[PDB]
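Visitor: Fold the stuff below for me.
(5 chains, ligands or ions: 1)
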Amino acid sequence: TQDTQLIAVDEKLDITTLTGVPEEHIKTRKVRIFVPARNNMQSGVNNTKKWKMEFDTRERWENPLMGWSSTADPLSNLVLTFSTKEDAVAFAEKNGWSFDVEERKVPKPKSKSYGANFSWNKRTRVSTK
Amino acid sequence: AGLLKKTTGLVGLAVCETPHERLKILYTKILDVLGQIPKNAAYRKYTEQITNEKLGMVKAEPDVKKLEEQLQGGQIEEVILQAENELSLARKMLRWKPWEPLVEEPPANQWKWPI
Amino acid sequence: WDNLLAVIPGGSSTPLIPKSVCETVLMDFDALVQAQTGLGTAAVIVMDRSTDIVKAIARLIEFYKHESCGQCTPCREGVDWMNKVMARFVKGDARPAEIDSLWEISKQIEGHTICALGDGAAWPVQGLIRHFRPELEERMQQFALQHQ
Amino acid sequence: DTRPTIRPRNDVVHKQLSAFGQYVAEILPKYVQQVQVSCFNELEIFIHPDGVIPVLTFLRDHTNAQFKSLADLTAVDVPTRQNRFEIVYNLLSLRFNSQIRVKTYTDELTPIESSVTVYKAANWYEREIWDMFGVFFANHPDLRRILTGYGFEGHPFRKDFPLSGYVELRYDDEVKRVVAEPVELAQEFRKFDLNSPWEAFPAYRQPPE
Amino acid sequence: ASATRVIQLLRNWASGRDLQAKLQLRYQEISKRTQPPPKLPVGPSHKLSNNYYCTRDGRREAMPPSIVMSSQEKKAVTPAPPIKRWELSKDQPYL
Ligand code: SF4
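Guide: Residues are numbered from 1 along each chain as shown, chains lettered A, B, ... in the order given. Shown next is the structure:
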């Protein structure tokens, strides 16, 4: 459908050499994904819908001066975005990076019945609303 | 016609001493170069309509002054440029062949905004 | 009936009807709500010209404030708000727009409550806004007029 | 539109771009994937990668389109999408005072034949894209690192590139010359998690995909 | 201001203009630096009634880009009507 001397690339794409990241920062960097857990104090849900590329945390030494957290981890501040885990791993493998997986936290069915809260032979009666 | 202008209002482009018949002959050019395009193609049905019309009002009144506001193309000297540009296209897609359907649908959700 | 100002034949949770409209109405559940008032329990309370109507709802909203349980929000702080702005109405610390605001506020507490007490709070005061508007208009105009 | 908060909409030209969008769509249906307009009277027609030549050659030369003012050659990285790099053109019509905008999709490696022919303004922009995003373009006269530093590594606007970078610089006495050590920040960029977990706009919401 | 008469006519002559009528230094036309309290106006929608955010919520009024053609007799039309040629400024027609 795109016939212009196409090369049948059967090997997984590895663009790691073009981006030119330091060698110590492509192997000694565990790269992980997950969909953020909702902030338990906030009942809002419109954040646990995307996968992200976040890394492992290196050391944070206090500055000899007033005390800023001086860091030498350039890749630490690299929270990416991903619509689906399949696209998330696709980025991970395309620039081959030591990675692990994680399953989307899926809600369970809350069987809710306000009529249950008051009962005669059932113990789910609530003493105070 | 009238007195031939000295400046077109744009540097580089000069007043043509041969305004209408030059535009006409190159217009007959863009009738015939369009010939080797099949009729079902959309660009033909757009072009020959826009072609065969403005070949009309140029021969409708040979004078330069009225024809500026016949086509809303400004001064005639830039209409020569733009009609030539339309000629360039007819030569361009003579090899582009832009009428068989869309090459391939975009890769999954390749637009998908927002993400 | 001439010295009368407004009988309320429904009671507390029922819109006060001005004396003129009381002269021409049937008291059934249908006909009264055609006049936009309620009949409820047929608690026919009579109140004449000498007493000021803003003072009448002053004690009425005070009763509602002391009877709300605070369970649902629109009644809890809502019935508190009606008493507060109406307290300005009685003395006259308001403006003609504020009459519209309390009607708008009365619209918000209408229906949104768990029970009909919040709705029952609207009906008397809501009837006032539609019926005794000039009486409210003179009430808070006088306070500012002779304050200066 | 008696209210003065929201900006008024303009429908007469709103229908005009859509009519012109279909007008372009019918002529060259081989390369136009989908065309649409937004609320703010901005039409965008979407082209296939190998379509940089004729679509712009169309808008540059058509007697009824004649969009010649090349506005900007932008790129938008989208890591989710397979063709993350999205080269974006932008043309302005002098006679018809409108702004066309065509955008394509491209991988890290896949090229685009240089559109310097239709607009030589793209030539100088074209250098920036390979500097700024890194997408190489085919048969480009001189496609150079022109805006980043000499001998830089990688592409800073790939969303995988740290904001601080990879190499810091200082003058060193023992070499009497500027040496590029790896970065070591005095203070770390205190990222802020700024995303309200409640629905922002029910209009543009993505349905369950 | 400042200067004396015979100097003014010297610079008036050398410049061919009357500089004393208007100069490039402020002497007394400057507004007083301390000013009365600036009572600012209010917003156009500043009203206790019928101003719900259900009415003016421009961020919400926006609709995702209206799609017309997707991958998955007629007449020619223009992106906009052709522009019109501006006339010479009747104030200064020729510099
Ligand atoms: S409206 Fe009813 S439920 Fe709600 S606070 Fe008032 S009395 Fe309680």
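Visitor: Does stretch C:87-94 reach chain E?
Guide: No - Stretch C:87-94 stays clear of chain E (C-beta under 8 Å from any C-beta of the partner chain), getting no nearer than 10.3 Å. (Each C-beta comes from the backbone N, C-alpha and C, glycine too.)
Visitor: Identify the residue spatially nearest to the residue in chain D that chain A sits nearest to, adjacent ones excluded.
Guide: Residue of chain D nearest chain A, by C-beta to the nearest C-beta: residue D:197 (3.1 Å). In space, and not counting its chain neighbours, residue D:197 is closest to residue A:44: 3.1 Å by C-beta to C-beta, 6 or more residues apart in numbering or on different chains.
Visitor: and the residue of chain C found nearest chain D, how many neighbours?
Guide: In chain C, no residue comes nearer to chain D than residue C:104, which is 17.7 Å away by C-beta to the nearest C-beta. For residue C:104, the count of nearby residues is 15 (other C-beta atoms under 10 Å in any protein chain shown).
Visitor: Check which helices and strands the host helix or strand of it sits against.
Guide: For residue C:104, the element it lies in under DSSP states H and E is helix C:96-108. With contacts taken as 3 or more C-beta pairs under 8 Å, 6 or more residues apart in numbering or on different chains; DSSP states H and E, helix C:96-108 sits against helix C:73-91, helix C:117-131, helix C:133-147.
Visitor: and the first one, anywhere near the ligand?
Guide: Translated: helix C:73-91. Yes - judged by C-beta under 6 Å from any ligand atom, helix C:73-91 and the ligand are in contact via C:75, C:76.
Visitor: Figure out which of the helices and strands packed on helix C:96-108 is closest to residue D:72.
Guide: Between residue D:72 and the helices and strands packed on helix C:96-108, the tightest spacing by C-beta to C-beta is seen for helix C:73-91, at 51.2 Å.
Visitor: List the contacts of that closest one.
Guide: Outside of helix C:73-91, the residues within contact range by C-beta atoms under 8 Å, 6 or more residues apart in numbering or on different chains are C:52, C:54-55, C:57-58, C:61-62, C:64-65, C:68-70, C:94, C:98-99, C:101-102, C:105-106, C:108-109, C:112-115, C:117-118, C:121, C:125, C:136, C:139-140, C:143.
Visitor: Alpha carbons only: can I get that helix in CSV?
Guide: Taking Å, rounded to 0.1, in the frame of the first residue of the first chain, the C-alpha atoms of helix C:73-91 are listed here in CSV:
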residue,chain,number,x,y,z
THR,C,73,-27.1,20.9,52.5
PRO,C,74,-29.6,23.1,50.5
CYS,C,75,-31.9,23.3,53.5
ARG,C,76,-29.2,23.4,56.2
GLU,C,77,-27.3,26.6,55.2
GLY,C,78,-30.1,27.6,52.8
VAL,C,79,-32.7,28.2,55.5
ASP,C,80,-30.0,30.0,57.4
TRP,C,81,-29.4,32.3,54.5
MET,C,82,-33.1,33.2,54.0
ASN,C,83,-33.3,34.2,57.7
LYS,C,84,-30.1,36.4,57.4
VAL,C,85,-31.0,38.3,54.2
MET,C,86,-34.7,38.6,55.3
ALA,C,87,-33.4,39.9,58.7
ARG,C,88,-31.9,42.7,56.5
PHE,C,89,-35.3,43.0,54.8
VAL,C,90,-37.2,43.7,58.0
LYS,C,91,-35.0,46.6,59.1
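Visitor: buried residues in it?
Guide: Across helix C:73-91, burial judged by 16 or more other C-beta atoms under 10 Å in any protein chain shown covers C:74, C:75, C:76, C:78, C:79, C:81, C:82, C:83, C:85, C:86, C:89, C:90.
Visitor: List just the nearest of these to chain E.
Guide: residue C:85 (10.1 Å).
Visitor: what does chain A have sitting close to chain B?
Guide: Counting by C-beta under 8 Å from any C-beta, chain A comes close to chain B at A:1, A:2, A:50, A:81, A:83.
Visitor: now, which of those residues sits nearest residue A:64?
Guide: residue A:81 (36.3 Å).
Visitor: ok, now which ones touch the residue of chain B found nearest the ligand?
Guide: Nearest to the ligand in chain B, going by C-beta to the nearest ligand atom, is residue B:114, at a distance of 39.7 Å. When contacts are counted by C-beta under 8 Å, 6+ apart, residue B:114 is found next to D:204, D:206.
Visitor: For residue A:3, see how far away it is.
Guide: Relative to residue A:3, residue B:114 is positioned 34 Å away (C-beta to C-beta, to the nearest Å).
Visitor: hmm, back to that, leaving aside the residues next to it on the chain, what's closest to the residue of chain C closest to chain D?
Guide: That would be residue E:49: by C-beta to C-beta, 6+ apart, it lies 4.9 Å from residue C:104.
Visitor: Surely the one you found is in contact with residue C:101?
Guide: Yes - assessed by C-beta atoms under 8 Å, residue E:49 is found in contact with residue C:101 at 5.3 Å.
Visitor: burial measure for residue 33, as a count.
Guide: You didn't say which chain, so I picked chain A. By the criterion of other C-beta under 10 Å, residue A:33 has 19 neighbours.
Visitor: Please refer instead to chain E.
Guide: Residue E:33: 5 surrounding residues under other C-beta under 10 Å.
Visitor: All the helices of the chain, residue numbers only.
Guide: Using chain A. A:16-19, A:24-27, A:85-94 (DSSP state H).
Visitor: You answered for a different chain; I wanted chain E.
Guide: E:5-15, E:58-61.
Visitor: need the residues of chain B near chain D, please.
Guide: Residues of chain B found near chain D (C-beta under 8 Å from any C-beta) are B:42-43, B:46, B:50, B:73-74, B:82-83, B:85-86, B:88-89, B:92-93, B:96-112, B:114-115.
Visitor: Nearest to the spatial middle of chain C, which residue is it?
Guide: By C-alpha atoms, centre = their mean, chain C has its centre lying nearest to residue C:125, at 2.0 Å.
Visitor: Residue C:40 and residue C:27 touch, don't they?
Guide: No - applying C-beta under 8 Å, one finds residue C:40 not in contact with residue C:27, separated by 11.0 Å.
Visitor: Look at the two and report which has more neighbours.
Guide: residue C:40 (17 against 14).
Visitor: Pull the contacting residues for that one.
Guide: Taking C-beta under 8 Å, 6+ apart as the test, what residue C:40 contacts is C:10, C:11, C:13, C:14.
Visitor: From residue C:100, how far out is the residue of chain D found nearest chain C?
Guide: Closest contact between chain D and chain C, by C-beta to the nearest C-beta, is at residue D:3 (17.7 Å). Noted for residue D:3: a distance of 18 Å to residue C:100, by C-beta to C-beta.
Visitor: Tell me how many other residues surround the residue in chain C that chain A sits nearest to.
Guide: Nearest residue of chain C to chain A: residue C:71, at 6.6 Å (C-beta to the nearest C-beta). Using other C-beta under 10 Å, residue C:71 has 12 other residues around it.
Visitor: Identify the residue spatially nearest to it, adjacent ones excluded.
Guide: residue C:114 (6.1 Å).
Visitor: Repeat that for residue E:77.
Guide: Counting by C-beta to C-beta, 6+ apart, the residue nearest residue E:77 is residue D:19, at 4.7 Å.
Visitor: give me the number of residues near that neighbour?
Guide: By other C-beta under 10 Å, neighbour count at residue D:19 equals 16.
Visitor: what about it, helix or strand, and which?
Guide: Assessed by DSSP H and E, residue D:19 sits inside helix D:11-27.
Visitor: If we go by neighbour counts, what in that helix is buried?
Guide: D:13-14, D:16-27.
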